[PDB]
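Read on for two forms of one protein chain; each stands alone as structure tokens, with the labels structure 1 and structure 2.
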Structure 1
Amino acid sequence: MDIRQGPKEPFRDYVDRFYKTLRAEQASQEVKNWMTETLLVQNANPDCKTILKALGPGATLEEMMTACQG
């Protein structure tokens, strides 16, 4: 997964790039969930990454987007 959030890139824009790469692999729902819990958080920028980790397990993409909106 080459996609990494730019330090000034809006979270939603990063999410779209991330999912564009995810779609190319026709990932199932379970795979999407795993990728959202791991790589989406791990590849987020310094500011957003801290916030996302502080959400705990089971946080939805929506809750992540709400947390890092801007």
Structure 2
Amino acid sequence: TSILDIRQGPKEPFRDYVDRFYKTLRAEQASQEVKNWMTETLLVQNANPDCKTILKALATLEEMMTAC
């Protein structure tokens, strides 16, 4: 699956979306630099409206997961 397609479900817990996201990104055939860029660019962008609202308002992965 392309990492671009991993999007948080409307009722999916943020931790579960994070898990799916990292699993898919680990499976992508890409350099570590490209994978890092994808985490900074897609993780908040592909979150559902509720979590996007909280995340934008703030950042580490551990701060993101607590805020949601």
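Residues are numbered by position in structure 1's sequence, first residue being 1. Between two forms, the rigid core is defined as the largest C-alpha subset superposing within 1.5 Å.
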| query | finding |
| --- | --- |
| Core-superposed C-alpha of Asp16 shifting 2 Å or more between structures 1 and 2 | no |
| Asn45 C-alpha relocation of at least 2 Å between structures 1 and 2, rigid core basis | no |
| For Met35, CA displacement between structures 1 and 2 after the core is overlaid, in Å | 2.9 |
| Once the two forms are fitted on their core, CA shift of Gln26 between structures 1 and 2 in Å | 6.5 |
